[PDB]
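J.: Here is the sequence, then the experimental structure:
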Amino acid sequence: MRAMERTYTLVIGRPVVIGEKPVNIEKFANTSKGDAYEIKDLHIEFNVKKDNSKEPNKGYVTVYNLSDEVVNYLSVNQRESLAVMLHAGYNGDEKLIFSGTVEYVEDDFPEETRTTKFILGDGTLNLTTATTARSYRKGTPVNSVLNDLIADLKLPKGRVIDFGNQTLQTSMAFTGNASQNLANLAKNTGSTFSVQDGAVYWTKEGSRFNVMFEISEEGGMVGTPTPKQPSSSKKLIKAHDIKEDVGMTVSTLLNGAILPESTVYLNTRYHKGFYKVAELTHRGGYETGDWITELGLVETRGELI
Amino acid sequence: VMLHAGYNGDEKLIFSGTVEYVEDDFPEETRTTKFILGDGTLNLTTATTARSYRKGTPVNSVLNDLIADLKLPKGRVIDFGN
Amino acid sequence: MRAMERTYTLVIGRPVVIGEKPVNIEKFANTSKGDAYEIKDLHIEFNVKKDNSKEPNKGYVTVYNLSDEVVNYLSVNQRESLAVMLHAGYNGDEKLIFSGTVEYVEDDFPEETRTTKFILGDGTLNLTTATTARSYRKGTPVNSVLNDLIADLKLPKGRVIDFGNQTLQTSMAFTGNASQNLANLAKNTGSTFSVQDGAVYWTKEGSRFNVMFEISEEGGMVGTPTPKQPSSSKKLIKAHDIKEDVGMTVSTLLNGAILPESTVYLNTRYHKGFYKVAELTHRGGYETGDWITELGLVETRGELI
Amino acid sequence: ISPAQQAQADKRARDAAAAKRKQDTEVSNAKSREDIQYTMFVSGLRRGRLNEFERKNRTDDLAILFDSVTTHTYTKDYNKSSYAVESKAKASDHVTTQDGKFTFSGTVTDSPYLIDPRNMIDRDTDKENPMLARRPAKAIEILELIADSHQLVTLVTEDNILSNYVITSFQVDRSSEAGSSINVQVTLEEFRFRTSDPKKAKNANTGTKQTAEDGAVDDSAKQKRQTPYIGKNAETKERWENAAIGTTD
Amino acid sequence: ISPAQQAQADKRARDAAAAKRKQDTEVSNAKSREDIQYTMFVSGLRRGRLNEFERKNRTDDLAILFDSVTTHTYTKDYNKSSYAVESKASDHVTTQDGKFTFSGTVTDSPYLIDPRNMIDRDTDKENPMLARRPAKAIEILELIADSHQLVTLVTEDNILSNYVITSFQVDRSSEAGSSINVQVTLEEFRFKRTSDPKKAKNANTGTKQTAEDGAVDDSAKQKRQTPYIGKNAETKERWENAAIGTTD
Amino acid sequence: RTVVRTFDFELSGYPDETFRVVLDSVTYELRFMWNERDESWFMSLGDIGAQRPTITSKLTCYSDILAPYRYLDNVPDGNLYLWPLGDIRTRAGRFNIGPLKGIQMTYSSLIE
Amino acid sequence: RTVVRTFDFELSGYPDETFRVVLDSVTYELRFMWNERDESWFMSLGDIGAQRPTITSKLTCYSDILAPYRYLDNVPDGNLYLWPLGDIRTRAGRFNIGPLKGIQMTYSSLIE
Amino acid sequence: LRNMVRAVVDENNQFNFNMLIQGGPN
Amino acid sequence: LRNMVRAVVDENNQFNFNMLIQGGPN
Amino acid sequence: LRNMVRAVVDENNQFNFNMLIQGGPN
């Protein structure tokens, strides 16, 4: 008989180079020598937050007592963006939990124990340097503008909801970073745009997608759900009506197969119903600490897209 | 929301406003409710105006015109004179 | 036989008054009575950070159980900028470690012990109020523009590297604070501008000045050097190339005879070579605490100016 | 003060400085010898473990024996995590193993009974005049050398054999209760983890490398003099390096 | 109140202030001369340590002997990372400072009054109790600790150097009257001008300002210039003012 | 073609050393492999993070290693040579490479 | 050439003192080396962080040290002299330099 | 024990976010 | 014990306010 | 003990600086 013990894996690959086609962090895993630097049995502490907004998802990691060779490989490439993937689970499988580029790295080795630090960004390089220069005339179909701008961003299309037969009412011009322009189109058309684990997600506010996840005491829930406001401020109201404005909170054992834009079903004894996801935070302490995930849910009032 | 405090014989008004934020966390033993209250936040951050005046207008008139727009009681004002 | 014990001195002088010539904090030390208020044998905690950037270097200080007379002298002059100097060393000498103006001061005396607080700025008054209004035509030599703007700033010239026979390509106009205009000229010409302990330093990025300091176990080093990135973010690269982009970290016993723009030689058993300095932080606890200095080094790839 | 007192001051600097040099150099000699291993025989010597005491040659495999070991103990530990559930109860998650700790107490007497030369403490002890041999002192400078050099000790106990243990602390008490002996206590914990054939070696890394500090180009940075050549084969070298290498100028 | 009390409060302040001038002055000079070297003999003596006890004079290498030492203990400590290492990575350990402590006693009825001991500098031979030996020891003990001397310990087995006193205790219990029990604690010290130019090394002093109250610093503090003593006022005068000028 | 000495190398003897160096303000990564049967060092040169090395060659004394390769945008234009400090007949070995070990591996850069 | 006294120096006697000073609002670094056979102080003057000192000279009493060097943009235009406070016949020594030690090293600046 | 500190830092960050983003029609 | 933490957070906020608002004629 | 708190405050400041300054060609 065994116990139920945690497991994880961390991989470091070649520098990421942006080209003239969508970037996939998967293909950069292999190093010039072939197999990548894998780190399994070392105490690790990490925190990974995810959201549906302009900003990329960022995660922090700490590793104790790394071998000198690995640290040397990171002393080099300090000018470059190494690709990194993280996996976690329970002794039988490990689900992808983050993938991005090493934004920052530093080492402090006071006496007894060295402590390496990381800051990782989910597509930070693309979202902050992809320039654009486009224009359109009166009568252009809005569905064409959306596709044109996304292709400029150079990322795979996770999911998109086209506008239909919508047409521009006035001439438009777009410059600067493509991400910023798209985030502005979100406000005026009730659409949510956010990149996550390399995938572009374009959806409509208020509406939600089946029960892709069910939460219950069998599903490793942790404590009862509690109602928490989804924003730190309140807006004036007429009392688009379809927009968000309500939510709840839940916690569960670590499970990387969840994304901010997904949908979950809450099977508890007090609260029951369907909710959207709005925010994720993954925490982990291998030898000591939690191994759980926190979800911020938001009520929905739109159509079932 | 209103809040009162004192010493066992009387309670003086100490704050009055609107509940800007509220959240609940109930880990195991004890629930802990949180609040953030604002003193007139809604009025101060949404009261729009559109006014103009010409050369020679008395400044004392401009002040009164703008305050009435803000839609709040006048606690105390010191007019500008002439 | 003795031990190796710490020593320090703190001096407070007249209010600083800016005039029509370079400001020297040295000449304001003497008070109307003559000798200044010197504080030697009182527990003191201080933190002083230094850098090479637009912002001035600021340091914090705390003193316990000051006499009422000294506190009274600071209750007055609360509208004015008193000049302050700080010294530290080891029982045989004390090196100047900071000099500036008292930006802030507050006193809290709960029951047993009063605790005075300070915030000091290195040339804050000059860098934030020196206005300018200058213009030049096509063909003007850039070397003339640089000297004209620095004289406006009213500070002594610590060190400057002239541009040679460079000439303006387009007409230029400068207004507002002189420091801001100079910091803009830095970006477009690969030059570093930063005031420090009253001295103006204008150098060129990438290049460095002899071994003015050597670090080794004999030189009171504290722990081994570790590689740390010199910035909290990574820039996109073509992979001016001469710019920085790499660095290291070291710690040493307190030594005020070091400046951000200097050069150091690192004689350790793993790392060996020459580095620039980029950042300093001086910490100190007289009765209890550290008495060390931290240096952030940056690799260089330019000519040996 | 006086000129004569300057000589007295100089003595302090020299003798005090000379003392640390002897200690520091000796410690530096350790951590440089990798063909040396230290083993401590806490117990079992007279029951089965005599087989291992015969394998040590007093030159590179050394044995530490104690005149008496009062007690020894061994305690391993584990950590168990726990998370709360909505049923107002607590569940459990993975667990971890926390290395392991070992301690023992012993005594070294200035009047030994069993003086075995194979024991490394008795390397120089006189057979017929033990009390003047300074056994109690001779054990401190050898025990301290092992600890301060961070040796990986191996313990041969009667119950089992432990390896990769690092000393953490020890004590020496010359209490008036016993006298003519030293009471010794020690603690250890498990420190759980070039040459050689090219076939077995794999790709290493060294990171960024600056100019070598043992040859020219550093002197130009350190502002020093280049070393003159020793003349041999002149007029053959100078023509070629001067044309193919040049000089740092 | 009355003037009679003002002539009394002054006495209370004057005598109390005189105490610091005595104690505070002694430590100052004790630190202003590094030639003296203190040593302590805990046990050791009769097992051949007399070879170095006789080296101690009465002016530079002062020695201290207690009437009795009951126990002394020596200990060192080390620490290691509590997390599994990455593998040999044997550098994950550090060394702490060794500690030394012992207990002793000083009695009014000594059995051995060897004058070489600094406790017995000027003790009477025939009346040891009137000499007040316990008071002699405490006066010595505080001065050594206060001045932060690097003491040297001579022990049974080994010899320790560069040890500083961090705490000591004194008491006079009802039992063992006419004597005092003493405890001491010491720790290692990892310590790391008129000098031979051949041994000199490049040094630094940072930025420096006008040095000391000079002819120019006096003006800054509004002090009046020091008059020149007229040993000669014919040669320098014509040149001093013309070439050096005056602060003004 | 005036040239000035500007860099020197050292090898610890490990059969698979790999490290990064900066030459002419540009940065490159180097790999050194020891061959048993031929008792010689194999050097590979390439860009940082490159998939494959740009140049691979065998090291020998008094031979211009880069001679046939000064036509690529990512290859130094200087001179790389190995010459001995001791007797001229000594050939490159494993442990005898360094500023004082017997063989002086050096890089020199043309004056522009 | 009117001049006013504006700075004074002191030396601790250490044979290789080095420190930074500010004169005429400009900053310079100074080095002092003691010569045994000639029993005299050697002074070197240069800019902060300079590779080599701009001026080197031997210190003597009543001699204008900077006289032949007031033609460089990085040399003070003032007057640097050493004169004694005691008997006029005393020459510069090792420990006798300072505001009260016997010799007054001083700098004075012209009035502009 | 870092758990206690992280909570206070989080609360302070929350207060600052509220201060920046408050009221408003947009 | 939260008293100790609140003090440090307050001091850090004070330093940041000083950094933002400094010098200037207005 | 303030040493422990200062470290966490420093790390939070570092995270905020990274959030403000990231990516970008300039």
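T.: Sure thing, it's come through. Numbers count the residues shown, from 1 in each chain, chains lettered A, B, ... in the order given.
J.: Can you give me the buried ones in the particular helix or strand that has residue A:106 in it?
T.: According to DSSP states H and E, residue A:106 maps onto strand A:94-108. By 16 or more other CB atoms under 10 Å in any protein chain shown, the buried positions in strand A:94-108 come out as A:94, A:97-107. No exception for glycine: its C-beta is placed from N, CA and C like everyone else's.
J.: Tell me if stretch A:2-14 is near chain E.
T.: No. Applying CB under 8 Å from any CB of the partner chain, one finds stretch A:2-14 out of contact with chain E, separated by at least 12.8 Å.
J.: hmm, that stretch in reach of chain F?
T.: Yes. Stretch A:2-14 is in contact with chain F by CB under 8 Å from any CB, via residue A:14.
J.: show me what contacts the residue nearest the centre of chain A?
T.: Taking CA atoms, centre = their mean, the centroid of chain A lies closest to residue A:196, which sits 3.8 Å from it. Under the criterion of CB atoms under 8 Å, 6 or more residues apart in numbering or on different chains, the neighbours of residue A:196 are A:50, A:52, A:57, A:122, A:158, A:259-261.
J.: did I read that right, residue A:200 in a helix?
T.: No. Using DSSP: H, G, I helix; E, B strand; the rest coil, the assignment for residue A:200 is strand, not a helix.
J.: quick revisit: chain center to the strand holding residue A:106, what's the gap?
T.: 13 Å (CA atoms, centre = their mean, to the nearest Å).
J.: Name the next helix or strand following it along the chain.
T.: strand A:115-121.
J.: Centroid-nearest residue for chain D?
T.: residue D:149 (2.2 Å).
J.: how much space is there between that residue and residue D:142?
T.: 11 Å (CB to CB, to the nearest Å).
J.: Over to residue D:242?
T.: Here the criterion is CB to CB. By it, residue D:242 lies 59 Å from residue D:142.
J.: Comparing the two, which shows the higher neighbour count?
T.: residue D:142 (14 against 11; other CB atoms under 10 Å in any protein chain shown).
J.: Now do the SS call for the more buried one.
T.: helix.
J.: I'd say it and residue D:122 touch.
T.: No. Counting by CB atoms under 8 Å, residue D:142 does not reach residue D:122; the two are 11.1 Å apart.
J.: Could you pull out the buried residues of stretch F:85-103?
T.: For stretch F:85-103, by 16+ other CB under 10 Å, it's F:85, F:92, F:96-99, F:101-103.
J.: Which of the three states applies to whatever residue of chain H ends up closest to chain D?
T.: For chain H and chain D, the shortest gap (CB to the nearest CB) falls at residue H:3, measuring 14.0 Å. Three-state assignment for residue H:3 (three-state DSSP): helix.
J.: any idea how far it lies from residue I:3?
T.: Distance of residue H:3 to residue I:3, computed by CB to CB: 17 Å.
J.: can you map out the helices along chain H?
T.: Counting by DSSP state H, chain H has helices at residues H:2-20.
J.: most centrally placed residue in it?
T.: Most central in chain H (CA atoms, centre = their mean) works out to residue H:14, at 1.0 Å.
J.: so that residue touches residue A:232, yeah?
T.: Yes. With contacts counted by CB under 8 Å, residue H:14 reaches residue A:232, the gap being 6.2 Å.
J.: From the chain's centroid, how far away is stretch F:81-96?
T.: In terms of CA atoms, centre = their mean, the centre of stretch F:81-96 is set 13 Å apart from its chain centre.
J.: got the residues of chain D near chain C?
T.: D:12, D:207-208, D:210-211, D:213, D:221-223.
J.: Buried ones among those residues?
T.: D:12, D:207-208, D:210-211, D:213, D:221.
J.: All set, thanks.
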